[PDB]
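As a basis for the values below, the full set of heavy atoms in this structure was taken, side chains included, without hydrogen atoms, waters or symmetry mates. A note on names: the letters A, B, ... follow the listed sequences, proteins ahead of strands, and every chain is numbered from 1. For ligands, and for the atoms within them, numbers begin at 1 and follow the listed sequence.
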Amino acid sequence: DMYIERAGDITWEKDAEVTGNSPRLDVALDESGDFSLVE
Amino acid sequence: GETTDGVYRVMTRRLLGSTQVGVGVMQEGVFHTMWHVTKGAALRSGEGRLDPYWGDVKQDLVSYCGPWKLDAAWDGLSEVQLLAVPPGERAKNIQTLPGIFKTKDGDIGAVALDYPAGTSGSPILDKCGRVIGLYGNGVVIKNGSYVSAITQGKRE
Ligand SMILES: CC(C)Nc1nc2ccc(C(=O)Nc3cnn(C)c3)cc2[nH]1
């Protein structure tokens, strides 16, 4: 049995940790909702 | 039970101890999460029951108590925030500029942040705090890191 617990408010926080890159990737989505790399 | 707007953890007592399988968003009385988290199964909120209302395995999304309410979109230009809710750790906002997932049916925004599978369902936000999508359905790239799509549903 699955259950839910509150974890916080949904807000934009100024001066948050800024990380992560922005890659342009060619992908395919299958009938089961799975993404795969197309190269 | 708890119907307050906000981000929630999705847990189970079926495995060892209490295990976090995913995250979801409560908005306008509707609970929104990714399909692979709940597999469409019913949820418990305190002493109340949340029954599924809509779902699609291809979109990897599911809504409880009502129809999908999240309708904001990434504008293709601005940086966004992943309000990550990791297992056993506090809610943490992480800002990044999304990349792209090019598909035969159109481009989709994508966040290059890597978090455990238990983080799936955590919302991605725009400057006004509106939910533009959910994190957790993506791909494993060359260097072994995970890159997730910004997954958004349709509001009728
Ligand atoms: C690369 C590794 C170090 N990290 C990593 N973060 C993940 C987040 C989600 C999933 C995941 O399995 N999603 C999914 C979406 N749909 N389905 C069926 C399954 C995997 C992950 N791996």
Side-chain angles (χ1 to χ4, degrees), chain A residues 2 4 7 17 19-39, chain B residues 7-12 14-16 18-25 31-43 52 54-64 68 70 74 80-125 131-154:
Chain A
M2 292 181 175
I4 65 166
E17 178 168 30
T19 185
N21 76 313
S22 310
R24 299 191 188 272
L25 298 170
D26 258 4
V27 304
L29 179 60
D30 80 4
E31 202 187 86
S32 304
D34 290 341
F35 282 110
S36 50
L37 279 184
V38 173
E39 295 201 24
Chain B
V7 61
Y8 288 70
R9 304 185 194 264
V10 187
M11 312 283 301
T12 177
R14 187 182 62 94
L15 273 20
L16 190 91
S18 307
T19 304
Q20 182 183 308
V21 296
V23 180
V25 173
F31 189 65
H32 308 64
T33 190
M34 309 215 81
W35 197 86
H36 72 267
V37 171
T38 66
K39 301 290 185 308
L43 305 172
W54 167 85
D56 193 284
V57 151
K58 194 180 177 180
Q59 294 173 49
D60 192 25
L61 296 169
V62 54
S63 75
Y64 287 74
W68 192 270
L70 317 176
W74 175 47
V80 308
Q81 271 180 22
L82 167 56
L83 165 32
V85 181
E89 301 177 0
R90 205 145 49 235
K92 170 184 58 150
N93 290 60
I94 308 284
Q95 188 167 319
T96 192
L97 175 83
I100 299 292
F101 265 10
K102 312 193 186 182
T103 84
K104 63 185 222 291
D105 300 317
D107 295 352
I108 318 170
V111 290
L113 302 158
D114 190 331
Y115 279 88
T119 308
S120 290
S122 292
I124 297 161
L125 323 166
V131 186
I132 58 170
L134 306 185
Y135 171 89
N137 192 29
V139 87
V140 169
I141 62 170
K142 306 197 76 66
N143 46 242
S145 180
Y146 203 74
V147 171
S148 164
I150 300 178
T151 308
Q152 185 55 301
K154 190 198 172 179

I'd like to check whether B:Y135 has a polar contact with ligand 1, where a contact means an N/O of the residue lying under 3.5 Å from an N/O of the ligand.
no
Under 4.0 Å from one or more heavy atoms of B:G144, ligand 1 contributes atoms 1 (C)
With a heavy-atom distance limit of 4.0 Å, tell me whether B:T119 approaches ligand 1 through its side chain, its backbone, both, or neither.
neither
Flag B:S120 as yes when one of its N or O atoms lies below 3.5 Å from any N or O atom of ligand 1, and as no otherwise.
no
Numbering the atoms of ligand 1 from 1, which are under 4.0 Å from a heavy atom of A:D34?
18 (C)
Checking the side chain of B:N137 only, and the main-chain atoms of B:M34 only, is there a donor and an acceptor separated by less than 3.5 Å?
no
Residue pair B:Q152 / B:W68, side-chain donor-acceptor N/O under 3.5 Å
yes
Can you find a protein heavy atom under 4.0 Å from atom 16 (N) of ligand 1?
yes
Location of contacts on B:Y115 toward ligand 1, heavy atoms closer than 4.0 Å:
backbone
Rounded at 0.5 Å granularity, tell me how far CD1 in B:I108 sits from CD1 in B:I150.
9.5 Å
Within the side chain of A:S22, is there an N or O that forms a donor-acceptor pair under 3.5 Å with the backbone of B:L97?
yes
Should B:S145 and B:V140 count as side-chain neighbours, where that means a heavy-atom distance under 4.5 Å?
no
Verify, without hydrogens or angle tests, whether B:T103 (side chain) and A:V27 (backbone) share a donor-acceptor contact under 3.5 angstrom.
no
B:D114: numbered ligand 1 atoms lying under 4.0 Å from its heavy atoms
1 (C), 2 (C), 3 (C), 4 (N), 5 (C), 6 (N)
Could you tell me whether a side-chain N or O of B:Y135 sits under 3.5 Å from a main-chain N or O of B:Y115, the two making a donor and an acceptor?
yes
Donor-acceptor contact below 3.5 Å, side chain B:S63 vs main chain B:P52:
no
Just need the protein heavy atom nearest to atom 20 (C) of ligand 1, so name the residue and atom and give the distance.
B:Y146 CE1, 3.6 Å
Please confirm whether B:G136 comes within less than 3.5 Å of ligand 1 when only nitrogen or oxygen atoms on both sides are compared.
yes
Distance filter under 4.0 Å to B:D60 heavy atoms, resulting ligand 1 atoms:
15 (C), 16 (N)
Mark the output for B:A117 as yes if a heavy-atom distance to ligand 1 is under 4.0 Å, and as no if none is.
yes
